[PDB]
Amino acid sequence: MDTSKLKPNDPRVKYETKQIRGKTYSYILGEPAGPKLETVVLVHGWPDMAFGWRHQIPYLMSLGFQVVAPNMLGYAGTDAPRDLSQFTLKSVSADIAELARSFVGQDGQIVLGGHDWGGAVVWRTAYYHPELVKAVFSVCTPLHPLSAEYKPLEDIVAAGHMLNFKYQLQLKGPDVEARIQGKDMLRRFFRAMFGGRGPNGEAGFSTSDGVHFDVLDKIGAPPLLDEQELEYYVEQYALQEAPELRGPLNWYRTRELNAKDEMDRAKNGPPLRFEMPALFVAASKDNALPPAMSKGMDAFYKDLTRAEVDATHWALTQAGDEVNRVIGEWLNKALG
């Protein structure tokens, strides 16, 4: 089997939709090489899509896993509901639970992996559906505790806290949604998001201010995508109805809804506890989610394996072969 990364419209995989908890969910499906060991569900983040797992999908197939990688709510061929409650980590976990079981049966179990927002999702999914999740890993995103209260992020960063998250203020607002419409702007956006720079090294995106709209005109080719990959992100994001970024930016509009779900769990729900084998792959140059952010996380796991790869936030691609080996070796030991 060819184990190189997926190309746009790779024929080694299938592209399908299913109705999931009221929404059309599009996904990549890769069938295993050899008798199926497990089904693996892979969850991307922002501003990515299923194709962001392009290094992991053929690899996991070659290891004997069936691989389901959805375009998550708001992204590409998956529906983008208007109701923000559809975008909470709890509802999205329920989405993943139903999609998972639509392949493994209701009595089935999966391996579950996540990155960025997807990492946050899979920890919550492993918390809300421990019957389903046999093993869970996250790249870049560490566990965060059950929210015990709600504070607006404005007031949080105004006090000087969570400064590495202040970009999310712009994202939840109207500026990115209103400005990044159509393929021309989306192309610039993606050059910015995947590391392209301007004639004086101007960054198109920063964790402080978000998208630097004034830079997008001079933004050069991104180092972390090739030209056809870039076009593929543009084409697929274009599947959303204008404003195309509404769905993806909805992930930054649920702080209070998520806080309300989880304050309920902090009060009455079971403890945030993970009994199944778990893997956290840190990224050294991820300035949105620096490795130090995971300090103290191990106390919530019976069985947490830690790794760390030298890469930016985009570790699935930049360090794809290393990430692959880390997942493969951990899975080989987790499941035995």
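So that there is no doubt, residue numbering starts at 1 and follows the sequence shown.
Asks: Could you settle it for me: does 146-154 or 163-171 have the higher average Cα B factor in the PDB entry?
Replies: Comparing 146-154 with 163-171, the higher average CA B-factor belongs to 146-154.
Asks: On mean C-alpha B-factor from the PDB entry, just flag whether 47-55 or 288-296 is the higher one.
Replies: Between 47-55 and 288-296, it is 288-296.
Asks: Select one of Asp226, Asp107, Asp116, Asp95: the residue whose C-alpha shows the highest B-factor in the crystal structure entry.
Replies: Top of the list by C-alpha B-factor: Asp226.
Asks: Highest Cα B-factor in the deposition, which of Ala238, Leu73, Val133, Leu216?
Replies: By C-alpha B-factor in the record, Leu216 ranks first.
Asks: Tell me, lowest, middle or highest third: where does the Cα B factor of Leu186 rank within its chain?
Replies: Answer is middle: the recorded C-alpha B-factor places it there.
Asks: Considering every modelled residue of the chain and its Cα B-factor in the PDB entry, is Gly30 in the lowest, middle or highest third?
Replies: Its C-alpha B-factor, which the entry lists for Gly30, ranks in the lowest third among residues of this chain.
Asks: Splitting the chain's C-alpha B-factors into thirds, which one does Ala266 fall into?
Replies: Its C-alpha B-factor, which the entry lists for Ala266, ranks in the highest third among residues of this chain.
Asks: When the modelled residues of the chain are sorted by Cα temperature factor, does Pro199 land in the lowest, middle or highest third?
Replies: Highest third.
Asks: Among the modelled residues of this chain, does the Cα B factor of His129 put it in the lowest, middle or highest third?
Replies: For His129, the deposited C-alpha B-factor lands in the middle third.
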